[PDB]
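# Descriptive structure summary
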Number of protein chains: 2
Amino acid sequence: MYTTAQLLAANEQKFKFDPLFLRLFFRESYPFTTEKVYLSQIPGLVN
Amino acid sequence: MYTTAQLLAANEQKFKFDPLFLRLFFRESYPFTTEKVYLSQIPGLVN
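Residues numbered from 1 in each chain as written, not as in the entry; some residues may be left out. Chains lettered and ligands numbered in written order. Part of a larger assembly, values for the part shown. Heavy atoms only, no water.

What the entry reports as its method is cryo-EM, with 3.76 Å given for the resolution.

Taking the PDB entry as the reference, chain A is identified by name as Major capsid protein belonging to Escherichia phage lambda. Here the entry title, as the record gives it, is "Asymmetric unit of cryoEM structure of bacteriophage lambda capsid at 3.76 Angstrom".

## What to know about the interface of chain A and chain B
Taken together, the contact between chain A and chain B spans 12 residues of the former and 16 residues of the latter. Regarding the contact of chain A and chain B, the summed buried area is about 1,200 Å², with carbon and sulfur atoms giving 63% of it. A per-residue breakdown of the area chain A buries against chain B is headed by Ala 5, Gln 6 and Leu 8 of chain A, which together make up 39% of the total. At the boundary of chain A and chain B, one finds 0 salt bridges. (Contact = heavy atoms within 4.5 Å. Buried area = accessible area lost by both parts, 1.4 Å probe. Salt bridge = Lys/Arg side-chain N within 4 Å of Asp/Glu carboxyl O.)

Here it is, written out as structure tokens:
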């Protein structure tokens, strides 16, 4: 019982994580108000 | 009796002792007030 025994460390050492994909290619964000979403792409290929 | 001794310079002879460890990693010091010491570390692993 005579073992008060304070500590002096709270080491987390938890992760090695940095996305860089929400920062290098996905810089622009667009909020929604509609349930459905369209994303079209017109191709160019002539005779 | 008749000696007539003259003393010249002396030597030093100290160690080649430099910590490099009480100065690089152990920079922070604490005293005690308890007997035992804990060292806790939380395993940070989210799901």
